[PDB]
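Same order as they appear, the protein sequences are chains A, P, Y, H and B.
Numbered according to PDB author numbering, the first sequence spans residues 755 to 930, 948 to 955.
Numbered according to PDB author numbering, the second sequence spans residues 2 to 232, 236 to 248, 250 to 1341.
Numbered according to PDB author numbering, the third sequence spans residues 253 to 503.
Numbered according to PDB author numbering, the fourth sequence spans residues 94 to 103.
Numbered according to PDB author numbering, the fifth sequence spans residues 410 to 562.
We treat Cβ as the ideally placed atom computed from N, Cα and C, and that holds for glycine.
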Amino acid sequence: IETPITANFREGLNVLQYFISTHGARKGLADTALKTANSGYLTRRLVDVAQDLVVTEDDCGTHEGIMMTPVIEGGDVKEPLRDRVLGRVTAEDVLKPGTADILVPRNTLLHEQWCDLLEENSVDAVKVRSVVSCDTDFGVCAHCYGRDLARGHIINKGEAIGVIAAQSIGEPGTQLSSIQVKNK
Amino acid sequence: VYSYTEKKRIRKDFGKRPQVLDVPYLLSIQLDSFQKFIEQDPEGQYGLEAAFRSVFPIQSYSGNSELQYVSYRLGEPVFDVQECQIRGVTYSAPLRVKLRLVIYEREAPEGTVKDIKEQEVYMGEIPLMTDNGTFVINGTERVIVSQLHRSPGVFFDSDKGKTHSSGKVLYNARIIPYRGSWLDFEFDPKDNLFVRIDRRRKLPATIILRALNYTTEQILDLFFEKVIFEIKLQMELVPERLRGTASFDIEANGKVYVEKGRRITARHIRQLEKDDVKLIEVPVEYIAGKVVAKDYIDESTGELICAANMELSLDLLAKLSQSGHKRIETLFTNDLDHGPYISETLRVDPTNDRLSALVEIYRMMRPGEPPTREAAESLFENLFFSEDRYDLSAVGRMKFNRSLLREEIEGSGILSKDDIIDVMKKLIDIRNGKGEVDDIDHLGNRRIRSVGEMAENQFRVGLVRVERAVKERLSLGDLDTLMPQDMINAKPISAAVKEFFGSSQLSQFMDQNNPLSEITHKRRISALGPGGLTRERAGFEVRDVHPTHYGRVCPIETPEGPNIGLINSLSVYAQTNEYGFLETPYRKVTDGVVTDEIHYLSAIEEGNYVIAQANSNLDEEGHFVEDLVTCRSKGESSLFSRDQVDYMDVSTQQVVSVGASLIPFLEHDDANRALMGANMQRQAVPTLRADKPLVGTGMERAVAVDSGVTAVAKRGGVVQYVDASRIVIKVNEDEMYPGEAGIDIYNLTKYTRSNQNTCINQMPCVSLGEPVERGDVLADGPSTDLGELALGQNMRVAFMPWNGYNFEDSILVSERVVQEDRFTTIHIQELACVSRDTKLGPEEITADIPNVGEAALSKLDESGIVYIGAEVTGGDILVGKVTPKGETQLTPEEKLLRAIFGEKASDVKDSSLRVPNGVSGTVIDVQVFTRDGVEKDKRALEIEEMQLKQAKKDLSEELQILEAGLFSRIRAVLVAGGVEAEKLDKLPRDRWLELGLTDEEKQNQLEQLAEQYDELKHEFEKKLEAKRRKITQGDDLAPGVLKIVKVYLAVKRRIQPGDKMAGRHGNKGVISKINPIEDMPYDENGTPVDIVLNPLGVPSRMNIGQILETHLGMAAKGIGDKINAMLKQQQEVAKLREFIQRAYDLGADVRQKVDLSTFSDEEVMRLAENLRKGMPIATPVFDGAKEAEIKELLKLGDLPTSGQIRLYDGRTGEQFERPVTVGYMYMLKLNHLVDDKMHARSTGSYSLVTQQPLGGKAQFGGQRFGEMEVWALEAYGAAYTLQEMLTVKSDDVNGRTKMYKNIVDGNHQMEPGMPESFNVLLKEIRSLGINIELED
Amino acid sequence: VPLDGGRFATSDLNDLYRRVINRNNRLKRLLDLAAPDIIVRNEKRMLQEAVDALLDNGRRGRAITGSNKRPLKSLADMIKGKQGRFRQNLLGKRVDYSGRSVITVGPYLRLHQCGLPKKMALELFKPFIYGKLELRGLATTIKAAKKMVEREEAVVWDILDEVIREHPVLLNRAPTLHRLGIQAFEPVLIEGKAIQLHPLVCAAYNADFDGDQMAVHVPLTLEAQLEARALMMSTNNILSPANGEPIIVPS
Amino acid sequence: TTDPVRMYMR
Amino acid sequence: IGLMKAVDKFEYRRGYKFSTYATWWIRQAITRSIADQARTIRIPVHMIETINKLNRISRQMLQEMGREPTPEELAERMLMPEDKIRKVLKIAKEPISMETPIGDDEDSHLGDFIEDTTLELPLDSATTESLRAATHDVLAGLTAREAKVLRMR
Ligand SMILES: CCC[C@@H](C)[C@H]1CC[C@H]2[C@@H]3[C@H](O)C[C@@H]4C[C@H](O)CC[C@]4(C)[C@H]3C[C@H](O)[C@]12C
Ligand SMILES: CCC[C@@H](C)[C@H]1CC[C@H]2[C@@H]3[C@H](O)C[C@@H]4C[C@H](O)CC[C@]4(C)[C@H]3C[C@H](O)[C@]12C
Ligand SMILES: [Mg+2]
Ligand SMILES: [Zn+2]
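Next up, the structure:
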């Protein structure tokens, strides 16, 4: 509506702006109820697909992985390398930016000190072991997964990571020219 | 200008806008709706008259005999409302109608009358509505909420392009009757008209036309236009039809009229019409696409040259030319304006005649059966057009005619061929582009049906069954000596009516939390229910707030949850139109002056006016002040010149309901919080002593009085007698109705249970020898204080954190609040002990109970029933009953113990009524219901004796009043006929009989009066006998039960942590601590604070209305404090008068004006006494007090205009920095008490088939451990917790007793086993054909 | 089953079963009369309908209805759906040793403990109290212990304080969206009837103090107690499992 | 059709 | 089945149109079928006739006398000791289905509220075991011959 509500709540809304206020509030409450129901259904399906997955080994031994690098959407970078790579296990050696000598050997859990080293050497290319590329059959290995994120250490054999993944994805669900270089 | 009940406490008003319309009677919808039902209507169109005149007369098959309707009436209900509630029976009246069975003769042509028999037949009892809009059905009060349903008529709607990706829109037109079938037309993505009859398979639309005896030629003539050609090869042309793109430009007048290829333009048409062009020549091939209109045959051999609706080709042109045809008629069908939609429907139509169409309809409607001419014809003619099987009600006819743009507002209730044809034409127009579809959620398309209408519908439904039965009986026998009473049974009609009133979705237990909840329950509108949409199948379009709700439905008050927007409340001034549409009042504006005559406008009617807003400044003469006034036109709002407005709003409250008009400073609260505030305000519990709001809106008195809780005077008079239980008023001589004694009595309702187990109690608010006027309140119901609604208490509040004891929404409460019983409530509950008869022998209620060591039998009297007044606690025996049992088959060890100690067996159980654990009240009432063949032990006789005493007393008083009235009449109409001046009292009463005075016109009738006196005496002897027999009659208990004893317990609940409190601005919380009084913050005067609230709850919720209330509350209390001081130092009335008069005239030209110069010193001092706890103040909804006026009123006291003072810490005595906001806020105690919410269990009763714990506090059940909790325990590694919760704790039948024994043996180990639900699953899968087994 | 007042309550299956038998019997009867084949065929069709309605009702035509006007429940309907064996009774049972109440603040608590009402704890821990009473000689038999707890003697409260000492209880709020919606605490006996919840945990549960309620369960076995203490305690769950960030932030 | 009664009638 | 029963037992000699003879047997068969198959707790035919007669007389008395006949009045209008009338009125109507939607919340039904009364409370079983132990101990206190005499007794 082209004419806005110019009165705040310290003043009063007159009887004709309160009607529009009510339009909005009534829409909001119903959309909230919808959000809850839909998120519940998604979470149920997501735990059904992935319930049986468990850590059932300690090292598959594979070398393949996923190349983790900061994600940049056109302009600035909204997710640095630390947040993407923290806690994972390196698949290949991390060479120096000059390619001269290795920085972190291999299969080392990247905790805070290692990430500080990575930032100090200004490296933007780490390859890390992923679940989707795990050799272990009927389960996952503790090194491919990563670390716990709730106990701050490499995950324990036995943990049900599928239920945790489903719940982690599902519970936040209720809460939802020209170029210009800016540096020398 | 102030009523005697309003000169005790005048509430100061800050309203600035004038009042021209008084708030109507609030619950008038219910009363008027039901009054229209049971009411003798001469021109029967309302209620039972309509149903009778519509069903009767029942002409039997062959017309041998017939049954006629004469009249009806309602008898007197056997029990009044109170007796119905006590006894547990419905309050209803018997319906008795006069029927006249007429038997003809089967010999003469007609008009024979062999005989006529008139008889009166009873056909069901109809429940009666009390004088407050409720029904008493089985001892409880029911409310039947109105329903908002789609009006019958015709509605055109599209799917707005949401069924096919093509992007085009499909249009449809539905016809809804009041009862019948739904005839829906629709368009196909291929532009084919289709029709469905009851949401069934589609058919080409034209088929119905064929079923209506229409020929293809006639159909085309109805729908399409004509292009006529003559032969050479000349076409008649009208300039406008070639509106356009021409293959051949023109041949007119020879030379030229327009060039080929170029598109026809407006100037071309203008020149063509100017020249008056009629006929031209065009290429023969140009006529190779057009469609012929009618059939063309050859005269040589009578052969069909070309059929109607057949494509025209060159060869067919040649055949017609050689067949002597000159005139050729085709259909004009362009692409934009006139489309060829019926021609394609004819193409796809297989049927060719009426019979084929009827066969197709019959095959589609009821497949399987072979079609038949007779059956198909009957089915079609009976689908519509038939009175009994189809009705398009008067409202439906009105909307049908008004939608098809007809001037006739009345007509037949059945369809016709014209109606269907016109609806099809309208749909075709909508498709072409001339017209608009309807809005479904418009409040001009939705009407309201209330109790009377629904009840009439169900009564007619029953009457139809009775009609069928009567016809069937009259079919056979055909005997004489048959009265109109063996053919009618009350079971069907009474069954339908009882089903509606007792067990229906729209009839529900009344809300008796407080007066507001009752009022807002009665005036409620529900879209759900029979005949209305369900909840799951309702997307957020009917749930929205349409612009047509402005003044008819409340935008705020609506439940939040599954049905939000499906249940809403009637607005304050809205009333229902004659046809059932909501309408609202507007004050009419002439040329420039705002007149005083109000018109009620409807939703559709209101569209084409411009209505000025309520808060539009007016001159002293009625003229508008501003040149441009902000008013809302058809759909939107904007500025309009003062010279083009014709209506104005009648008030600023008319947009909100009664619930939301009680929230002060509603403009400053967010809409979400206002919604919550109204919803919670309906839930407050009445407290021990009522406390009027210090800050209100002026709607309190209307709500309190228009509800039935209070006792209001019927006629003026002087209070002759007052008491805790009755008020006797001595009417004025101006309202005497000379036949009357002249006094009226009001019997107050003392402590009684409500639907919610709360207390209902009326206490007088008048005093002996005090004047009253009609309309004044004589007694205060629950939650009213001197006639004003009072739902809570005004507490002294401070906004500050204070140590995390109000962390999220918790509330910190002083102990002086608890000491003073400010939020103490009374709850009354009834417990029943039923003694039945078993196959082993009847149960007996007795004081000799086995295995009771005589300690618990102290409260029980000699008959085994607790004493009245006894203070009981959990586990105490209320009624002592025992049940016989068998032999019990002792174990080999109990035998040894019995042999050692020689203890004997019982042979009777200990099934007795005992107080449920955790409840501690006093017994306030016991009542016993015995069967008609039982002994009536001593306690029942004692209860009967006291009842007889009370009844005799009451009847005696009523008889004496009647006798006094009759003797006063003897005196007044015998003031002549014998001089007796001093003898007025010399003779005894049985002799003011023969008084008199100087002969005059007031002589006449001693014989008549003496006869009437004896008649009264004998009548009241009969009345005494009737009430005695009604007291002493046995009850009709449910079969098998010998007797019942009901005990009423009155508990008094105090306030404690866990109880939920709230204000009016949607701000709620749970009490967290009861702080000692010396730990609360205090100010430099020493006064502590009652409650400490959190300031972090305001900013994020934007419900700052509460803050203003607090500020204003402080101001109000300040005034009271000042008065109190002047009233404690015994100041002379001059100073008190000066101050109170100064405080009643503040603000900027407010409307309210109170002149204390006209108050006698007694009046002023009584007012000052009522104002010493704070001066009440009114802040109407959208024109309230402004912040400047609050500051000014604070200054009138001695308070700081900031509203903030400096507070000290009770614990340390150090002052809090940065002063805090303290004031007075009105707090409510919601009906969510932690007493009713705490629950625990370790072991109890288990279900029957799947042996798991039952559910519910009442059943001592367990807590669901659902799927989500199982996932949570799987996310952890907790595999032993999960296993114990799945087997040993729930349904591992022999693994849970082992666990119990292990626990009591100090060994914490489980031997789980397998749950008993998996075994049920295996047996049920195996009881199908499958073979599921456990492999080893 | 017999209800109070000489009135029975029955399952729908009985009804359905009866149908079958009736029609079946009639068929066996009809074949003994050598009836015309039209009647026997009609009876066989009716028997097929009866058996089909028994096994799965409302799937081969119209659903048979009871004395009410709602369809009967068949063997197939007793297994499927949210109100069926699998969903409602094999995953989602109700539980003993459980209670619920309204939660308040209690800002004095430590992160690992909660406030539990005396009246609730005297009910959840009843067998443990019986064991203690009969083990310490205060009660001669289990019946005597039941009497003592019913009367609420003075020693009962001391035995209760001794039984609750180091015995976790699981608290749960109804929408368990993630695994931090169940947590184990050490009870602290309080007065009143409201549970007291440590403030720093409220974000994990998504709980405010304007009317919310919680359910409390007590683990019985030794393994369940050790799992509550080692896996589910609130002093072990201070990091979120969705991201490594703390979930014990002051609010 | 699906109704046994319909088939019997036929 | 009733038409088939008539046919075999019909005669043209009596010269009575067939429908007249058939209708009686057809109606008799249908009525006996209703008496047998209709109820889940089968009630004999004579008791069914008694109930139907009671209903007819109650209908007549409701239509004529006014409010409703009482068991005493019904017994008077009929001819029974008035204690038989009580039993006939007490004959239970059709059982309530255990799936009747009482719950009106979480789709709860009547069957969820009916407990199992044949179970033994765990405290009862614990007491039984405790009594067994106590009796064992007491008998062990006594000598052997008397112990076994009591045990076998
Ligand atoms: C009506 C809303 C659903 C539910 C509350 C209604 C629907 C039918 C009601 C039962 C029967 O009517 C009669 C039964 C026997 C006695 O008469 C009283 C008890 C009895 C079990 C009733 C309990 C309850 O009242 C029922 C289940
Ligand atoms: C929503 C809560 C309804 C509840 C107040 C009332 C309404 C009808 C009551 C049931 C019926 O009487 C039928 C049974 C009678 C037997 O004695 C065993 C209990 C039984 C299931 C009753 C339990 C409870 O009392 C019910 C559910
Ligand atoms: Mg909350
Ligand atoms: Zn791996």
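Item	Value
CA nearest to the CA of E631 (chain P), picked from P:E1026, P:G597, P:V733 and P:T851	P:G597
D267 (chain Y) beta carbon near ligand 4 (any heavy atom closer than 7 Å)	no
8 Å Cβ cut-off: residues of chain P touching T776 (chain A)	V550, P560, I561 and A676
Bridge partners - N424 (chain Y), DSSP secondary structure assignment	Y:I434 and Y:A467
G722 (chain P): first and last residue of the uninterrupted beta strand (DSSP E) it sits in	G722 to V727
Closer than 5 Å: residues whose CB approaches a heavy atom of ligand 4	A:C814, A:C888, A:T890, A:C895 and A:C898
Range covered by the beta strand (DSSP E) that runs through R339 (chain Y)	Careful: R339 (chain Y) lies outside any beta strand (DSSP E) and carries neither H nor E.
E811 (chain A) classed as buried or exposed, judged by whether at least 16 other C-beta atoms fall within 10 angstroms	buried
For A969 (chain P) and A746 (chain P), believed in contact at Cβ under 8 Å, the rounded distance	5 Å
Any chain A beta carbon closer than 8 Å to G344 (chain Y)	no
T1115 (chain P) - containing alpha helix (DSSP H), residue span	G1110 to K1133
Nearest residue (CA-CA) to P889 (chain P), options P:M1085, P:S916 and P:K957	P:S916
Where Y367 (chain P) falls: helix, strand or coil (DSSP)	helix
Neighbour flag for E565 (chain P) against chain A, beta carbons, 8 Å	yes
Straight-line Cα distance separating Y1285 (chain P) from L1326 (chain P)	24 Å
Per-residue contacts from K1242 (chain P) into chain Y (C-beta, under 7 Å)	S353, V354 and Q465
For ligand 3, residues whose Cβ lies under 7 Å from any non-hydrogen atom	Y:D460, Y:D462, Y:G463 and Y:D464
Secondary structure of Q36 (chain P), DSSP reduced to three states	helix
Burial state of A1183 (chain P) (16 or more Cβ within 10 Å)	buried
Distance CB(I734 (chain P))-CB(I748 (chain P)) smaller than 8 Å	yes
Residue 1 (chain P), enclosing alpha helix (DSSP H) - first and last residue	Given that chain P is displayed from residue 2 to residue 1341, the structure contains no residue 1 (chain P) and the question cannot be resolved.
Cβ separation of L587 (chain P) and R542 (chain P), assumed to be a contact under 8 Å, to the nearest whole Å	Between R542 (chain P) and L587 (chain P) the Cβ distance is about 25 Å, and since that is not below 8 Å, they are no contact.
Within the stretch 1258 to 1301 of chain P, ranges of the alpha helix (DSSP H) (whole runs, at least 4 residues)	1272 to 1280 and 1284 to 1288
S319 (chain Y) Cβ short of 7 Å to ligand 1 heavy atom set	no
Sequence-ordered residues whose beta carbon comes within less than 6 Å of a heavy atom of ligand 2	Y:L255, Y:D256, B:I511, B:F522 and B:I523
Cβ neighbours of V137 (chain P) in the same chain (closer than 8 Å, five flanking residues each side left out)	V82, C85, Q86, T91, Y92, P128, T131 and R143
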